[PDB]
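File shown: entry-v7.pdb (PDB, N, CA and C atoms).
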ATOM      1  N   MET A   1       6.463  39.755 -32.761
ATOM      2  CA  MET A   1       6.173  40.175 -31.394
ATOM      3  C   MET A   1       7.127  41.281 -30.952
ATOM      4  N   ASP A   2       6.603  42.236 -30.189
ATOM      5  CA  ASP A   2       7.406  43.351 -29.697
ATOM      6  C   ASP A   2       6.895  43.821 -28.342
ATOM      7  N   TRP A   3       7.808  43.970 -27.384
ATOM      8  CA  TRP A   3       7.443  44.408 -26.039
ATOM      9  C   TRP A   3       6.494  43.415 -25.390
ATOM     10  N   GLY A   4       6.308  43.558 -24.087
ATOM     11  CA  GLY A   4       5.399  42.695 -23.376
ATOM     12  C   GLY A   4       4.007  42.742 -23.984
ATOM     13  N   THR A   5       3.776  43.774 -24.801
ATOM     14  CA  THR A   5       2.500  43.981 -25.484
ATOM     15  C   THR A   5       2.517  45.310 -26.243
ATOM     16  N   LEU A   6       3.304  45.355 -27.316
ATOM     17  CA  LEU A   6       3.443  46.563 -28.128
ATOM     18  C   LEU A   6       3.786  46.198 -29.564
ATOM     19  N   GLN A   7       4.255  47.182 -30.321
ATOM     20  CA  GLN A   7       4.644  46.959 -31.695
ATOM     21  C   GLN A   7       5.846  47.825 -32.053
ATOM     22  N   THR A   8       5.682  49.145 -31.970
ATOM     23  CA  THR A   8       6.776  50.055 -32.278
ATOM     24  C   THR A   8       7.926  49.829 -31.319
ATOM     25  N   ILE A   9       8.807  48.928 -31.715
ATOM     26  CA  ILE A   9       9.943  48.552 -30.903
ATOM     27  C   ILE A   9      11.072  48.008 -31.765
ATOM     28  N   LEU A  10      10.697  47.209 -32.747
ATOM     29  CA  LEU A  10      11.655  46.604 -33.657
ATOM     30  C   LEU A  10      10.971  46.169 -34.951
ATOM     31  N   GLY A  11      11.566  46.537 -36.081
ATOM     32  CA  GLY A  11      11.000  46.174 -37.367
ATOM     33  C   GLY A  11      12.063  45.811 -38.385
ATOM     34  N   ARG A  12      13.233  45.413 -37.896
ATOM     35  CA  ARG A  12      14.344  45.032 -38.763
ATOM     36  C   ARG A  12      14.710  46.174 -39.709
ATOM     37  N   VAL A  13      14.325  47.390 -39.334
ATOM     38  CA  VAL A  13      14.611  48.567 -40.144
ATOM     39  C   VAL A  13      16.037  49.059 -39.917
ATOM     40  N   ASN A  14      16.494  49.953 -40.790
ATOM     41  CA  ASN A  14      17.841  50.509 -40.692
ATOM     42  C   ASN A  14      18.897  49.409 -40.748
ATOM     43  N   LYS A  15      19.452  49.189 -41.936
ATOM     44  CA  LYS A  15      20.474  48.166 -42.125
ATOM     45  C   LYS A  15      21.299  48.439 -43.379
ATOM     46  N   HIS A  16      22.442  47.767 -43.487
ATOM     47  CA  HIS A  16      23.324  47.935 -44.637
ATOM     48  C   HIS A  16      23.922  46.597 -45.062
ATOM     49  N   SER A  17      23.761  46.262 -46.338
ATOM     50  CA  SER A  17      24.285  45.010 -46.872
ATOM     51  C   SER A  17      24.926  45.227 -48.238
ATOM     52  N   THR A  18      25.025  46.489 -48.646
ATOM     53  CA  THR A  18      25.624  46.831 -49.931
ATOM     54  C   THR A  18      27.058  46.319 -50.012
ATOM     55  N   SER A  19      27.655  46.081 -48.848
ATOM     56  CA  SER A  19      29.025  45.584 -48.773
ATOM     57  C   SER A  19      29.164  44.260 -49.517
ATOM     58  N   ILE A  20      30.167  44.180 -50.386
ATOM     59  CA  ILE A  20      30.410  42.969 -51.163
ATOM     60  C   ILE A  20      31.390  42.044 -50.448
ATOM     61  N   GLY A  21      31.324  40.757 -50.774
ATOM     62  CA  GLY A  21      32.210  39.788 -50.154
ATOM     63  C   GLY A  21      31.705  38.366 -50.299
ATOM     64  N   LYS A  22      30.396  38.221 -50.485
ATOM     65  CA  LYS A  22      29.787  36.905 -50.638
ATOM     66  C   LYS A  22      29.633  36.546 -52.113
TER      67      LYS A  22
END

Will you turn the file into structure tokens for me?
Amino acid sequence: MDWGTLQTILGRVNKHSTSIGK
């Protein structure tokens, strides 16, 4: 779900997890 009635708002895009530690 996105916006009161939309879509182009959030898509879990743009992120970084290459960082090591786990």

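The spacing separating atom N of residue 22 of chain A from atom N of residue 10 of chain A amounts to 28.0 Å.
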
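Our summary of the geometry notes that atom CA of residue 18 of chain A is positioned 27.7 Å from atom CA of residue 1 of chain A.
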
As lines of an AutoDock Vina configuration file, please: the centre and edge lengths in Å, to one decimal, of an axis-aligned box enclosing every listed atom of segment 6-21 of chain A with 4 Å added on each side.
center_x = 17.8
center_y = 44.4
center_z = -39.2
size_x = 36.9
size_y = 20.1
size_z = 31.8

Supply segment 5-20 of chain A as an mmCIF file, in the coordinates of the input, with N, CA, C and O atoms built in where the input has gaps.
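To be explicit, this is the file written out as part39.cif:
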data_model
loop_
_atom_site.group_PDB
_atom_site.id
_atom_site.type_symbol
_atom_site.label_atom_id
_atom_site.label_comp_id
_atom_site.auth_asym_id
_atom_site.auth_seq_id
_atom_site.Cartn_x
_atom_site.Cartn_y
_atom_site.Cartn_z
ATOM 1 N N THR A 5 3.776 43.774 -24.801
ATOM 2 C CA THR A 5 2.500 43.981 -25.484
ATOM 3 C C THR A 5 2.517 45.310 -26.243
ATOM 4 O O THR A 5 1.843 46.268 -25.865
ATOM 5 N N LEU A 6 3.304 45.355 -27.316
ATOM 6 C CA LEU A 6 3.443 46.563 -28.128
ATOM 7 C C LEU A 6 3.786 46.198 -29.564
ATOM 8 O O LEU A 6 3.630 45.049 -29.978
ATOM 9 N N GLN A 7 4.255 47.182 -30.321
ATOM 10 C CA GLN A 7 4.644 46.959 -31.695
ATOM 11 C C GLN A 7 5.846 47.825 -32.053
ATOM 12 O O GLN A 7 6.908 47.307 -32.396
ATOM 13 N N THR A 8 5.682 49.145 -31.970
ATOM 14 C CA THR A 8 6.776 50.055 -32.278
ATOM 15 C C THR A 8 7.926 49.829 -31.319
ATOM 16 O O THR A 8 8.015 50.452 -30.260
ATOM 17 N N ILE A 9 8.807 48.928 -31.715
ATOM 18 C CA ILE A 9 9.943 48.552 -30.903
ATOM 19 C C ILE A 9 11.072 48.008 -31.765
ATOM 20 O O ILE A 9 12.246 48.305 -31.543
ATOM 21 N N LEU A 10 10.697 47.209 -32.747
ATOM 22 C CA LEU A 10 11.655 46.604 -33.657
ATOM 23 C C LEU A 10 10.971 46.169 -34.951
ATOM 24 O O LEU A 10 9.929 45.515 -34.923
ATOM 25 N N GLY A 11 11.566 46.537 -36.081
ATOM 26 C CA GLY A 11 11.000 46.174 -37.367
ATOM 27 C C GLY A 11 12.063 45.811 -38.385
ATOM 28 O O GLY A 11 11.828 45.890 -39.591
ATOM 29 N N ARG A 12 13.233 45.413 -37.896
ATOM 30 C CA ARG A 12 14.344 45.032 -38.763
ATOM 31 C C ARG A 12 14.710 46.174 -39.709
ATOM 32 O O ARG A 12 15.332 45.961 -40.750
ATOM 33 N N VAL A 13 14.325 47.390 -39.334
ATOM 34 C CA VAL A 13 14.611 48.567 -40.144
ATOM 35 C C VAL A 13 16.037 49.059 -39.917
ATOM 36 O O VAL A 13 16.705 48.638 -38.972
ATOM 37 N N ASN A 14 16.494 49.953 -40.790
ATOM 38 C CA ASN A 14 17.841 50.509 -40.692
ATOM 39 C C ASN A 14 18.897 49.409 -40.748
ATOM 40 O O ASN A 14 19.199 48.772 -39.739
ATOM 41 N N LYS A 15 19.452 49.189 -41.936
ATOM 42 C CA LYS A 15 20.474 48.166 -42.125
ATOM 43 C C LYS A 15 21.299 48.439 -43.379
ATOM 44 O O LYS A 15 20.911 49.243 -44.227
ATOM 45 N N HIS A 16 22.442 47.767 -43.487
ATOM 46 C CA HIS A 16 23.324 47.935 -44.637
ATOM 47 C C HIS A 16 23.922 46.597 -45.062
ATOM 48 O O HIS A 16 24.516 45.886 -44.250
ATOM 49 N N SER A 17 23.761 46.262 -46.338
ATOM 50 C CA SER A 17 24.285 45.010 -46.872
ATOM 51 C C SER A 17 24.926 45.227 -48.238
ATOM 52 O O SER A 17 25.322 44.272 -48.907
ATOM 53 N N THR A 18 25.025 46.489 -48.646
ATOM 54 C CA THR A 18 25.624 46.831 -49.931
ATOM 55 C C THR A 18 27.058 46.319 -50.012
ATOM 56 O O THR A 18 27.607 46.141 -51.099
ATOM 57 N N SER A 19 27.655 46.081 -48.848
ATOM 58 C CA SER A 19 29.025 45.584 -48.773
ATOM 59 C C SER A 19 29.164 44.260 -49.517
ATOM 60 O O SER A 19 28.383 43.332 -49.308
ATOM 61 N N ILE A 20 30.167 44.180 -50.386
ATOM 62 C CA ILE A 20 30.410 42.969 -51.163
ATOM 63 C C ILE A 20 31.390 42.044 -50.448
ATOM 64 O O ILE A 20 32.186 42.487 -49.620
#
